[PDB]
There are 4 protein chains.
Amino acid sequence: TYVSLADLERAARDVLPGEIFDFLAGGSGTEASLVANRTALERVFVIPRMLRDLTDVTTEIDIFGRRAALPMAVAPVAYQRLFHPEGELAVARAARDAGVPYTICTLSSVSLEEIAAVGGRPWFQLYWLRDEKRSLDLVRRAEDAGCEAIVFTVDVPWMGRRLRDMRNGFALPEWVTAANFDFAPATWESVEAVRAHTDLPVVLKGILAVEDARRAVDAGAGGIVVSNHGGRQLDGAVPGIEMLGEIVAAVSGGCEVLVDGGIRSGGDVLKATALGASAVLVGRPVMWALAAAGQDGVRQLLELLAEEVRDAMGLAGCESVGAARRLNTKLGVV
Amino acid sequence: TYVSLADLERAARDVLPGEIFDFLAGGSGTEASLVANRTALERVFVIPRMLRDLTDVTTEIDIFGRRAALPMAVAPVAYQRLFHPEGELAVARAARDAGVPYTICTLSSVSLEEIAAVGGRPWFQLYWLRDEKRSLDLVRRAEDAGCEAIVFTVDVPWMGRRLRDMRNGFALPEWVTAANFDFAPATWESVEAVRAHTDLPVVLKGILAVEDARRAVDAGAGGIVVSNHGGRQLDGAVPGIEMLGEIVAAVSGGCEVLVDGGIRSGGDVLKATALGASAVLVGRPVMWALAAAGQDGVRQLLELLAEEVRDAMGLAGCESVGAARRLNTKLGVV
Amino acid sequence: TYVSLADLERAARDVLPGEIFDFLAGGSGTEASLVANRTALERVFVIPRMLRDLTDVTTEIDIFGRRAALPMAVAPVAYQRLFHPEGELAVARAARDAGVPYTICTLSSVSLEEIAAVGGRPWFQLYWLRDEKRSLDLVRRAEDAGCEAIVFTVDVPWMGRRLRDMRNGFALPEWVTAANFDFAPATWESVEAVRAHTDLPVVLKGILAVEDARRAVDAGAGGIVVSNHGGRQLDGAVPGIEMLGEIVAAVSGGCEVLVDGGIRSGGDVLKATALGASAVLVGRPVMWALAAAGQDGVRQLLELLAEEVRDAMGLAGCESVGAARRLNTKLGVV
Amino acid sequence: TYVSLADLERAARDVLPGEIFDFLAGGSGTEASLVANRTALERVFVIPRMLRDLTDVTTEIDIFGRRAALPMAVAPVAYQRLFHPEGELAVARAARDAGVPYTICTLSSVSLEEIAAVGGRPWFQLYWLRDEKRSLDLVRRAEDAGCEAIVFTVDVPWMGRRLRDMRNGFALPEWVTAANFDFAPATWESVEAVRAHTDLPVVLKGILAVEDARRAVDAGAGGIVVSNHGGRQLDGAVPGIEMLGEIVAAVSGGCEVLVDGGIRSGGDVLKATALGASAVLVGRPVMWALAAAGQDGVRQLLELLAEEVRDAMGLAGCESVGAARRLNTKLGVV
Ligand SMILES: Cc1cc2nc3c(=O)[nH]c(=O)nc-3n(C[C@H](O)[C@H](O)[C@H](O)COP(=O)(O)O)c2cc1C
Ligand SMILES: Cc1cc2nc3c(=O)[nH]c(=O)nc-3n(C[C@H](O)[C@H](O)[C@H](O)COP(=O)(O)O)c2cc1C
Ligand SMILES: Cc1cc2nc3c(=O)[nH]c(=O)nc-3n(C[C@H](O)[C@H](O)[C@H](O)COP(=O)(O)O)c2cc1C
Ligand SMILES: Cc1cc2nc3c(=O)[nH]c(=O)nc-3n(C[C@H](O)[C@H](O)[C@H](O)COP(=O)(O)O)c2cc1C
Ligand SMILES: O=C(O)[C@@H](O)c1ccccc1
Ligand SMILES: O=C(O)[C@@H](O)c1ccccc1
Ligand SMILES: O=C(O)[C@@H](O)c1ccccc1
Ligand SMILES: O=C(O)[C@@H](O)c1ccccc1
Ligand SMILES: O=C(O)[C@@H](O)c1ccccc1
Ligand SMILES: O=C(O)[C@@H](O)c1ccccc1
Ligand SMILES: O=C(O)[C@@H](O)c1ccccc1
Ligand SMILES: O=C(O)[C@@H](O)c1ccccc1
């Protein structure tokens, strides 16, 4: 019995070792961006529509050539065995069963081929490596294994300053490894090398500047994720949700525009959609569910989110995600 | 001795069982909209006028063909026997004696005919039923019983997610029933079916989008209530008070424009009026009064509100509600 | 040793009976306007000027034909014997010695003639009485006694709802009386009756609407006080400080424009001046000083305020009050 | 092991006597400006750029004819022997070793010649003295000793009202003296006297009004520091960070534009740069480090700041400080 995503955070805090909970929860620096991701969503209010036909409400979208059950995917989160022994396999199985895309990480603690074998038409998140040819090898592995999109993370020339991790002296346990292995700053040249190497849609994750969104389209990206990396990279980076509307207007249908950071309910999904998002990513809550109850926990989380999305959409007069994108919003004060 | 509406909430909390107080107080989801209803009112400041003739201050209005003693009606609140054994009869009697319209609910715990027999020229709130012909039967019953307006609630295709009720496992006590009985999403077609079935003014309750207000006028509505259902429906819905001015301008006298959500004083009534409302509805405070002291409690609440409205109007230089509608406002910070 | 006005509030709270402290401190309703008076000042920041000649900084102004030592007068506060046995005489003596105008109240607890005999070129605050001819008698008494301005309070058609006083059951002690005696709502006609009866400047206290300020000038007022009566009248009335700039622009030198509400330091005086005020009134702090230490307390308060005003002006590059009125401001967040 | 500047404040509070910590931490009046310096920075969010070449990130700038390792100098802070026995020598040595300019104060507790002999191409802060000829003597001493800029503080016609110091009865210990000695308000004439006396760039510290910035350029200043003196002068003065963008636009490259007040991280440096600053000054944190651990403490602070600046710049896609100045920002809510 979980009735909100916050029930799951409480459950995860109970079971996880403190330093692992901190690795999960924390952000960089003073955690200004981490907090602002929540602030920004809480300031948005939706102007719902009434009296529309709701006889066949559907939360489905088409994205990167696949139907998804919700306008949502599981965000790339490294090292999922930190949270539960089944790690990425548990999460991927639940995502598959829920009809939600799952993003396999470069720093997965189970190999990408094993996770892809779970099924459910998975995405692959890329960190740019030592070498162009090595980078392109992970991309080719992902494609050969049936991944359907390459989510190239562009906001990590290096890892942010995670003061909780520094203070805890946090290190990976011996029993958690980067299973895809036996990194350098990405540039626009790296993006082109990836685009030239694969037929899969390339999705640039970590875009916040409007001109970078425009350039992403010009560069041949199939999508972007408007994101400050959950407040874990530049401390003081604007929340993605605050740039989303401007970015959606600037790209003017040229690529899919996803957003992440602080999505904690179906109502938040509705807000993101109303601001123009094609879909959202959800990170920490999926890990809370994994920590609390493994695969079944993630299943329950996704069922709860699905119900909340359906509920919010219908209450707002939206029989489809497209209708939700046409909702207006108004900023309030919290 | 109650000197503010907050005195009544304190009294009601003392006497009501926790789960019933929660059914009354709560909202949907995170209660963002519930809180925002209060935030929005607290941000509004009035610019009073001075030195005007106040030799005959009157708080009366004409609405739907009846004089009312205040620019206020009792909001539809389901299942009033939850709060006091006399339930709707106690509230309706006090409203009648105060010259305030009372809204009889589809989900009243005393039959609509019994409540109408109390007198006081009552309104009837409609939820759209299984069937057009059944829906229209409640409407015809209401009209035959002397109800003077049909308040069609348009923001409940289904009930919101009330997490307090879920956590409490709340259910109606055996001794409380829907006394009008021995529901489907409404659409604009439903509104037309109702309008075609009755000579009474049809008032659409739960409008927040400006274009829905315009469409309400085009559809032949006699009024609208600009409302987020007390924060009980879409969590994240904008407060009605924040949409009110824009809606008043858009309908440009084409129907009565009421507002509700968070009205807790005569000063709040003045604010609503200054933002352009024809009248307000008041929900929870009426139930606090009912719980605290039955009919006499509701009488005392309405007397207090009447005094506060008169006081606020005169201090603001308004001898009539029309003058109060011409007051200007200015947003502050709280 | 008082180094801020807040030192005096602490001292007054220690010595005064609770219900008298509440009569002094309180506002109407929820005290929204009382709090907002402070909020509004705290949001204002000054843009100081540097490198200007400060060899003869003067805080003096000319107002209503008299030099004053500061851009400040003691606000009308009824019944000063509530706070100290010497009441109005103690305050008036200290104001005289400091070169600050003192406003004698219609509801003074010492007769206006006695207070005027203290000297210091006093003002007289008028509440409109039962009768035009009686009202005009107080005005004539004030003028005969040497009062130099009539401060006609225009925001009290009746007293606001003071919930602290209601809850305390507050009443005047037997030993405090309205010493000018052995009231009706004012209108613009009342203002004209007063203007026709006296050669003294008539100052309308309690103006908040821009058009009322304009009408005050048209009506022959020599000044206005932009004021919400210290949050004691309409609860939800905008702070005077928020209307001041707009009012100053609208009257365009046609009368003196004073402001009051929440002035608690020389820096606040500077802010008021920079927003365009001719001068401020100070109410509660003067009573704190009276309660704490009688005449000497008020002297110390006025010395402290004088020092703070001089300090703030010079730090802001202003050798005169006129220069301070030409300072720019910028709203911040607190 | 310090991982943030806040670690150093905690360490300094532990070791310093309360009244000395208060002399350091405090501001004038109600400390409104002190707090606002932090508020203003916390409201700014950066819009980072992605995918840019970061193969040679450099935090260096050229200013007043010298390379500096960071866009930062140590602010003038009087009487550094209050914080550690080595006082200014410890701080100057660490600044030299870090490649950061150090501002020698008129009220240094070690003579300016001794501090200059440490090396590191130092600046000299001037307070205007009794006499033009005396003022010019300090300037000539500074120049003869190898100081490279004259930082003329223009916001201290006299010292602000420091209520912590008043309440503590704070006075310099016998063992701390103004070592440059065995003051009057500055004006634009004083600035010209200094400019005519030295070939060194004259930098006016404490400018907040846009027209004063313009006049500084017209007066021949080589730079300005946009500053409210750390909230220690006019209480209610706008934060420098809030005026910075407007000032940068108005001077349009005519002089260097520095800012100070509340810089507490490399991210704050990035924000200042993105708002257009040439460089920042840092005051209190340098003293925290000095108090906590002397020269080595200051070294550690500067190393930490250097790392944070590099980190923030790279995460924001900036290979140089010039690129950081071209970043856009967006205000949020905290
Ligand atoms: C513990 C953790 C690890 C993460 N690892 C990665 C990663 O390897 N690659 C990546 O692109 N993003 C990574 N992210 C960022 C997420 O993809 C996502 O941007 C962020 O979690 C969204 O915010 P939310 O957690 O508030 O939902 C990680 C986030 C967390 C919390
Ligand atoms: C316990 C409760 C039951 C309600 N039942 C109904 C209902 O049956 N029909 C309806 O249109 N609104 C219903 N409402 C909403 C109210 O009519 C009204 O919109 C809301 O109470 C106004 O906000 P307030 O309670 O802040 O005054 C209910 C509200 C509450 C608190
Ligand atoms: C205890 C008390 C009594 C007052 N009596 C009067 C009055 O008789 N006439 C009047 O015009 N204003 C009266 N005022 C209002 C003050 O003149 C003034 O508007 C208010 O005190 C200014 O705000 P401040 O107290 O924040 O300085 C009174 C205020 C207080 C606190
Ligand atoms: C204890 C202390 C002493 C100071 N002494 C001087 C001074 O002698 N001259 C001067 O121009 N500024 C002086 N300042 C102001 C600083 O140069 C600088 O403007 C301020 O410290 C910047 O804010 P920060 O402390 O928040 O970094 C002093 C500041 C402090 C805290
Ligand atoms: O945010 C995170 O922790 C991941 O994105 C991450 C980034 C770099 C190295 C390891 C893990
Ligand atoms: O300023 C705006 O309106 C947007 O940038 C915005 C701000 C906060 C939340 C969502 C969107
Ligand atoms: O808000 C409420 O509780 C009522 O509007 C309500 C709505 C639907 C079913 C029962 C009661
Ligand atoms: O933005 C506005 O001014 C209005 O939408 C509004 C906002 C808050 C309260 C009342 C009205
Ligand atoms: O604010 C106050 O208390 C006075 O203005 C006042 C007004 C009316 C009657 C008595 C006293
Ligand atoms: O909105 C504005 O700028 C003014 O009304 C104002 C608001 C708050 C304080 C002073 C002045
Ligand atoms: O802010 C401070 O304390 C210094 O700027 C200062 C100013 C004037 C005298 C002594 C010290
Ligand atoms: O109003 C603005 O945008 C600027 O004055 C400003 C305000 C707050 C922080 C930095 C900059």
# chains A, B, ... in the order shown; residues from 1 in each chain; ligands from 1

$ interface_residues --of "chain B" --to "chain A" --cutoff "8 Å" --atoms "only C-alpha atoms" --output "ChimeraX atom specification"
/B:29,32,36,39,154-158,160-161,163,166,185-188,206-209,212,233-238

$ select_by_dssp --residues "stretch 38-91 of chain A" --states "strand (DSSP E or B)" --output "list in words"
residues 44, 45, 46, 47, 61, 62, 63, 66, 67, 68, 72, 73 and 74 of chain A

$ residues_around --residues "residue C:202" --least-positions-apart "3" --cutoff "12 Å" --atoms "only C-alpha atoms" --output "tab-separated table (two decimals) with C-alpha atoms, in the first residue's frame"
chain	number	residue	atom	x	y	z
C	64	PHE	CA	2.80	73.60	7.07
C	123	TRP	CA	-1.13	69.56	15.18
C	124	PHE	CA	-4.70	68.45	15.94
C	125	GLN	CA	-6.29	65.22	14.73
C	126	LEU	CA	-10.02	65.35	14.10
C	139	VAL	CA	-11.49	72.47	15.19
C	143	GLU	CA	-6.99	76.61	16.29
C	147	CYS	CA	-2.52	74.05	16.72
C	148	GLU	CA	-0.99	74.50	13.30
C	149	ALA	CA	-2.73	71.86	11.15
C	150	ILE	CA	-5.90	69.84	11.25
C	151	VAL	CA	-5.22	66.16	10.59
C	152	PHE	CA	-8.69	64.93	9.61
C	153	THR	CA	-8.74	61.12	9.91
C	154	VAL	CA	-10.78	59.83	7.00
C	190	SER	CA	-17.31	67.13	5.94
C	191	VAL	CA	-13.89	67.98	4.52
C	192	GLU	CA	-15.32	71.06	2.86
C	193	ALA	CA	-17.04	72.13	6.11
C	194	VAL	CA	-13.70	71.91	7.90
C	195	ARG	CA	-11.79	73.69	5.11
C	196	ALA	CA	-14.34	76.53	5.16
C	197	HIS	CA	-14.11	76.84	8.98
C	198	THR	CA	-10.31	77.21	9.40
C	199	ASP	CA	-7.30	78.96	7.91
C	205	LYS	CA	-5.12	60.97	7.04
C	216	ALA	CA	-7.85	65.62	-1.71
C	217	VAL	CA	-5.81	68.15	-3.63
C	219	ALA	CA	-10.73	69.65	-2.24
C	220	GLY	CA	-8.12	72.08	-0.95
C	221	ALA	CA	-6.20	69.77	1.38
C	222	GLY	CA	-2.75	71.01	2.39
C	223	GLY	CA	-1.58	67.44	2.86
C	224	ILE	CA	-2.49	63.82	3.01
C	225	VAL	CA	-1.21	60.91	5.05
C	255	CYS	CA	-0.05	68.99	-1.39
C	256	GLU	CA	2.33	67.51	1.15

$ residues_near_ligand --ligand "ligand 7" --cutoff "10 Å" --atoms "only C-alpha atoms and all ligand atoms" --output "list in words"
residues 23, 24, 26, 27, 28, 76, 77, 78, 79, 105, 106, 107, 108, 127, 153, 155, 156, 157, 158, 159, 160, 162, 178, 183, 229, 230, 231, 232 and 233 of chain B

$ write_last_selection --atoms "N, CA and C atoms" --output "PDB file, in the first residue's frame"
ATOM      1  N   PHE B  23     -11.942  14.023   6.175  1.00  0.00           N
ATOM      2  CA  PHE B  23     -12.799  14.031   4.999  1.00  0.00           C
ATOM      3  C   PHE B  23     -13.192  15.468   4.654  1.00  0.00           C
ATOM      4  N   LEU B  24     -13.492  16.254   5.676  1.00  0.00           N
ATOM      5  CA  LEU B  24     -13.884  17.646   5.517  1.00  0.00           C
ATOM      6  C   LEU B  24     -12.722  18.553   5.107  1.00  0.00           C
ATOM      7  N   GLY B  26      -9.568  17.836   4.066  1.00  0.00           N
ATOM      8  CA  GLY B  26      -8.576  17.413   3.104  1.00  0.00           C
ATOM      9  C   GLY B  26      -8.792  17.855   1.667  1.00  0.00           C
ATOM     10  N   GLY B  27      -7.727  17.690   0.895  1.00  0.00           N
ATOM     11  CA  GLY B  27      -7.764  17.882  -0.545  1.00  0.00           C
ATOM     12  C   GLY B  27      -7.163  16.680  -1.223  1.00  0.00           C
ATOM     13  N   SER B  28      -6.991  16.773  -2.534  1.00  0.00           N
ATOM     14  CA  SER B  28      -6.386  15.708  -3.295  1.00  0.00           C
ATOM     15  C   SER B  28      -4.869  15.823  -3.293  1.00  0.00           C
ATOM     16  N   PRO B  76     -22.309  23.614  -2.046  1.00  0.00           N
ATOM     17  CA  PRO B  76     -22.693  22.199  -1.935  1.00  0.00           C
ATOM     18  C   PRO B  76     -21.633  21.404  -1.214  1.00  0.00           C
ATOM     19  N   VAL B  77     -21.987  20.779  -0.100  1.00  0.00           N
ATOM     20  CA  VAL B  77     -21.110  19.890   0.617  1.00  0.00           C
ATOM     21  C   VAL B  77     -21.856  18.596   0.871  1.00  0.00           C
ATOM     22  N   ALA B  78     -21.376  17.498   0.308  1.00  0.00           N
ATOM     23  CA  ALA B  78     -22.056  16.203   0.428  1.00  0.00           C
ATOM     24  C   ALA B  78     -22.128  15.729   1.869  1.00  0.00           C
ATOM     25  N   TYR B  79     -23.190  14.966   2.149  1.00  0.00           N
ATOM     26  CA  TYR B  79     -23.245  14.105   3.354  1.00  0.00           C
ATOM     27  C   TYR B  79     -23.134  14.871   4.672  1.00  0.00           C
ATOM     28  N   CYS B 105     -27.312  19.252  -2.202  1.00  0.00           N
ATOM     29  CA  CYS B 105     -26.445  18.370  -2.982  1.00  0.00           C
ATOM     30  C   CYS B 105     -27.162  17.164  -3.575  1.00  0.00           C
ATOM     31  N   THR B 106     -26.717  16.734  -4.745  1.00  0.00           N
ATOM     32  CA  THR B 106     -27.086  15.418  -5.256  1.00  0.00           C
ATOM     33  C   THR B 106     -26.809  14.332  -4.205  1.00  0.00           C
ATOM     34  N   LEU B 107     -25.688  14.412  -3.507  1.00  0.00           N
ATOM     35  CA  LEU B 107     -25.311  13.460  -2.466  1.00  0.00           C
ATOM     36  C   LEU B 107     -25.658  13.962  -1.055  1.00  0.00           C
ATOM     37  N   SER B 108     -26.821  14.585  -0.940  1.00  0.00           N
ATOM     38  CA  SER B 108     -27.319  14.973   0.374  1.00  0.00           C
ATOM     39  C   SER B 108     -27.700  13.738   1.195  1.00  0.00           C
ATOM     40  N   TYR B 127     -24.797  16.265  -9.868  1.00  0.00           N
ATOM     41  CA  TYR B 127     -23.785  15.413 -10.472  1.00  0.00           C
ATOM     42  C   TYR B 127     -24.446  14.611 -11.572  1.00  0.00           C
ATOM     43  N   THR B 153     -22.140  20.614 -11.300  1.00  0.00           N
ATOM     44  CA  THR B 153     -20.715  20.514 -11.006  1.00  0.00           C
ATOM     45  C   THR B 153     -20.034  19.835 -12.177  1.00  0.00           C
ATOM     46  N   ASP B 155     -16.488  19.610 -12.605  1.00  0.00           N
ATOM     47  CA  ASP B 155     -15.077  19.289 -12.378  1.00  0.00           C
ATOM     48  C   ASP B 155     -14.832  17.939 -11.748  1.00  0.00           C
ATOM     49  N   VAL B 156     -15.863  17.088 -11.767  1.00  0.00           N
ATOM     50  CA  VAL B 156     -15.819  15.769 -11.174  1.00  0.00           C
ATOM     51  C   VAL B 156     -16.225  14.713 -12.202  1.00  0.00           C
ATOM     52  N   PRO B 157     -15.392  14.489 -13.234  1.00  0.00           N
ATOM     53  CA  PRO B 157     -15.633  13.271 -14.032  1.00  0.00           C
ATOM     54  C   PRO B 157     -15.528  12.026 -13.167  1.00  0.00           C
ATOM     55  N   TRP B 158     -14.673  12.095 -12.159  1.00  0.00           N
ATOM     56  CA  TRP B 158     -14.608  11.146 -11.070  1.00  0.00           C
ATOM     57  C   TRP B 158     -14.017  11.906  -9.895  1.00  0.00           C
ATOM     58  N   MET B 159     -14.101  11.331  -8.709  1.00  0.00           N
ATOM     59  CA  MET B 159     -13.563  11.940  -7.512  1.00  0.00           C
ATOM     60  C   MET B 159     -12.032  11.945  -7.524  1.00  0.00           C
ATOM     61  N   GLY B 160     -11.445  13.049  -7.077  1.00  0.00           N
ATOM     62  CA  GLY B 160     -10.004  13.140  -6.870  1.00  0.00           C
ATOM     63  C   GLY B 160      -9.427  12.132  -5.882  1.00  0.00           C
ATOM     64  N   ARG B 162      -8.024  11.423  -2.676  1.00  0.00           N
ATOM     65  CA  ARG B 162      -8.011  12.022  -1.334  1.00  0.00           C
ATOM     66  C   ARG B 162      -7.124  11.163  -0.428  1.00  0.00           C
ATOM     67  N   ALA B 178     -26.815   8.378   0.850  1.00  0.00           N
ATOM     68  CA  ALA B 178     -27.198   9.288  -0.230  1.00  0.00           C
ATOM     69  C   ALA B 178     -28.721   9.229  -0.359  1.00  0.00           C
ATOM     70  N   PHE B 183     -22.582   7.277 -11.682  1.00  0.00           N
ATOM     71  CA  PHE B 183     -22.253   8.594 -12.211  1.00  0.00           C
ATOM     72  C   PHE B 183     -21.289   8.494 -13.392  1.00  0.00           C
ATOM     73  N   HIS B 229     -12.765  23.300  -6.704  1.00  0.00           N
ATOM     74  CA  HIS B 229     -13.435  22.312  -5.846  1.00  0.00           C
ATOM     75  C   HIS B 229     -12.752  22.222  -4.492  1.00  0.00           C
ATOM     76  N   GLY B 230     -12.316  23.359  -3.965  1.00  0.00           N
ATOM     77  CA  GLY B 230     -11.705  23.365  -2.653  1.00  0.00           C
ATOM     78  C   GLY B 230     -10.441  22.553  -2.565  1.00  0.00           C
ATOM     79  N   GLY B 231      -9.743  22.424  -3.691  1.00  0.00           N
ATOM     80  CA  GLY B 231      -8.527  21.663  -3.743  1.00  0.00           C
ATOM     81  C   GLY B 231      -8.704  20.172  -3.633  1.00  0.00           C
ATOM     82  N   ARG B 232      -9.907  19.689  -3.905  1.00  0.00           N
ATOM     83  CA  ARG B 232     -10.249  18.274  -3.747  1.00  0.00           C
ATOM     84  C   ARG B 232     -10.251  17.485  -5.043  1.00  0.00           C
ATOM     85  N   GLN B 233     -10.070  18.154  -6.183  1.00  0.00           N
ATOM     86  CA  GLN B 233     -10.150  17.486  -7.467  1.00  0.00           C
ATOM     87  C   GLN B 233      -8.745  17.408  -8.088  1.00  0.00           C
TER      88      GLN B 233
END

$ residues_around --residues "residue B:250" --least-positions-apart "2" --cutoff "7 Å" --atoms "only C-alpha atoms" --output "list in words"
residues 210, 214, 246, 247, 248 and 252 of chain B

$ write_last_selection --atoms "N, CA, C and O atoms" --output "compact mmCIF listing (two decimals), in the first residue's frame"
# COMPACT_ATOMS: atom_id res chain seq x y z
N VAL B 210 -10.41 30.37 -19.08
CA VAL B 210 -11.15 31.48 -19.60
C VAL B 210 -12.06 31.05 -20.75
O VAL B 210 -13.22 31.49 -20.85
N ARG B 214 -16.15 31.43 -21.30
CA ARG B 214 -16.82 31.95 -22.49
C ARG B 214 -17.78 30.96 -23.07
O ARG B 214 -18.91 31.32 -23.44
N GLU B 246 -9.72 37.63 -14.89
CA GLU B 246 -9.65 37.37 -16.31
C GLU B 246 -10.98 36.82 -16.85
O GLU B 246 -11.45 37.18 -17.94
N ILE B 247 -11.61 35.94 -16.06
CA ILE B 247 -12.89 35.38 -16.44
C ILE B 247 -13.99 36.43 -16.46
O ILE B 247 -14.80 36.49 -17.37
N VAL B 248 -14.01 37.29 -15.44
CA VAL B 248 -15.01 38.36 -15.39
C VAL B 248 -14.89 39.26 -16.62
O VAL B 248 -15.89 39.62 -17.26
N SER B 252 -17.88 39.37 -19.72
CA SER B 252 -18.36 40.75 -19.93
C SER B 252 -19.87 40.89 -19.74
O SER B 252 -20.60 41.35 -20.59

$ residues_around --residues "residue B:172" --least-positions-apart "2" --cutoff "10 Å" --atoms "only C-alpha atoms" --output "PyMOL selection string"
chain B and resi 20+79+82+170+174-178

$ closest_residue --among "D:213, D:291, D:251, D:104" --to "ligand 4" --atoms "only C-alpha atoms and all ligand atoms"
D:104

$ atom_distance --atom1 "atom 16 (C, counted along the ligand's line) of ligand 2" --atom2 "atom CA of residue B:68"
19.3 Å

$ atom_distance --atom1 "atom CA of residue B:141" --atom2 "atom CA of residue B:60"
28.9 Å

$ closest_residue --among "A:70, A:92, A:263, A:57" --to "ligand 1" --atoms "only C-alpha atoms and all ligand atoms"
A:263

$ residues_around --residues "residue A:101" --least-positions-apart "4" --cutoff "12 Å" --atoms "only C-alpha atoms" --output "ChimeraX atom specification"
/A:61-76,91-97,116,118-124,147-149,151,279-282,302

$ decode --residues "stretch 132-145 of chain B" --atoms "C-alpha atoms" --output "mmCIF file, in the first residue's frame"
data_model
loop_
_atom_site.group_PDB
_atom_site.id
_atom_site.type_symbol
_atom_site.label_atom_id
_atom_site.label_comp_id
_atom_site.auth_asym_id
_atom_site.auth_seq_id
_atom_site.Cartn_x
_atom_site.Cartn_y
_atom_site.Cartn_z
ATOM 1 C CA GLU B 132 -29.347 11.307 -19.267
ATOM 2 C CA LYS B 133 -32.957 10.475 -18.293
ATOM 3 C CA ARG B 134 -32.034 9.794 -14.644
ATOM 4 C CA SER B 135 -29.951 12.976 -14.452
ATOM 5 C CA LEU B 136 -32.864 14.922 -15.751
ATOM 6 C CA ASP B 137 -35.106 13.255 -13.097
ATOM 7 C CA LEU B 138 -33.068 14.759 -10.242
ATOM 8 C CA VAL B 139 -33.255 18.082 -12.048
ATOM 9 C CA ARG B 140 -37.038 17.781 -12.412
ATOM 10 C CA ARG B 141 -37.375 16.740 -8.727
ATOM 11 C CA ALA B 142 -35.350 19.768 -7.695
ATOM 12 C CA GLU B 143 -37.433 22.107 -9.834
ATOM 13 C CA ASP B 144 -40.739 20.571 -8.619
ATOM 14 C CA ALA B 145 -39.545 21.034 -5.017
#
